[PDB]
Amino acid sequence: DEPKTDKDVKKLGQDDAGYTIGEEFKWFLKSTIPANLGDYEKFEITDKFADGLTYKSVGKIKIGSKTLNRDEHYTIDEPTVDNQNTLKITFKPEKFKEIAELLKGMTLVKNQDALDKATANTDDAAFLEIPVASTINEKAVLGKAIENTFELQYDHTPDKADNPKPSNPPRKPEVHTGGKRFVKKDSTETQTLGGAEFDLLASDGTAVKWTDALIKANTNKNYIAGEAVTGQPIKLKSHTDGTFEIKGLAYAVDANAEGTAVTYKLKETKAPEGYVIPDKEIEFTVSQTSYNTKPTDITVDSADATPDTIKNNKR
C-alpha cells in the first residue's frame, strides 16, 4: 500500500518534450495515495531542478477531482540560488486524517505501471498530482536532454517514531531545446555577405517573439537586427563575416532529445548591398545536432555544427 512515485512533463503520461527557451510548461510530480494515508507521520517531496531550468510556480495540487490548499494541507519551500534550485513540498502530518477523509468516494490508483501510464487524474482513478511550472533557461546546452526527478520521504507507521522510507520514480522525464547556425553568401557560395536581415518565423509563418530568457540565450548582438525586446518579433542580421545564429528553439516537441527535427523559416527583409530581396522564405531545421555535434558530451555549447549557407543573387 506504500507510495509509488513518477514524474511527467508537458501533460500526464508524457515523459519527453521539446521547448523554445522561456516558454512556460508543467512538470508533474505524481504519487499513489495509500489507503491508510490517515496514519502517515511524514509525507515530504524534494525536487532539485537542473541548472538549465527556471522554476516558476506550483499549480493546484490535486487528488482525483479535489484540490488541496497551500498553507492549510501542505507547505512549499521554493527553489533559490541558495538551495541549489531545490523545491520542497511538505504535507502537514496533523492533516493526514483530514486529507484521507477527502478521498472517501474515490477509487485510488494502485500500482507503479498504472501510475506511469496515467493520462488523467480522476475520482475513478485517483492519485496525487503536483504540477510545477517551469522554463528552460539560457543555461541549457542545445540538443542536450535536461532530466528531472524527485524523492518522496514517507512515514507510514503511526508509531510516534520518525522512521520514513524513500519512494523514487523508476524512470525520469526530460526536456530539450535546440539551435541553428548560418552563413550568408553570394549565388555561388563564394563571397560572405554582411548586413542581410531576416524575420524569424514558425513553419506556418507566425513570427517568433523574444522573451527575456531567449534574449539572455542570444547574447551576440552582431547577429541581431536592431534591439531585442521581450514580446517583439525576432529579427536577425548577418555579421560582417556572413555569420549568424539562433539559440533556443524547440525541436522534438513530443519526443526524446534525439527526436524529430522542426522546420522554421527566415524572411529576408533586407539583402546585402547590391543584392536582391527574394520572394520566398528560407527554411531550416532544428535538431539535436544542428548547433552542437555532440551535446551529450558537453556541459556548455560548442557551436560546431555546420552552418546552413544562405545564397543571395546580385542586382
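Start at 1 with the first residue shown and count on from there.
- For the segment pair 132-140 and 156-164, the entry gives 156-164 the higher mean B-factor, averaged over Cα atoms.
- For the pair 292-300 and 7-15, the record assigns the higher mean C-alpha temperature factor to 292-300.
- If you compare the C-alpha temperature factors of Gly178, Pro173, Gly105, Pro169 in the entry, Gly105 comes out highest.
- As recorded in the PDB entry, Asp212 shows the highest C-alpha B-factor of the residues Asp77, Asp113, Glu151, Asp212.
- Among the modelled residues of its chain, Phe127 has a C-alpha B-factor that falls in the lowest third, as given in the PDB entry.
- Sort the modelled residues of the chain by CA B factor and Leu249 lands in the lowest third.
- When the CA B factors of the chain's modelled residues are split into thirds, the value for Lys270 lands in the highest one.
- For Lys60, the recorded CA temperature factor ranks within the middle third of the chain's modelled residues.
- Sort the modelled residues of the chain by CA B factor and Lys66 lands in the highest third.
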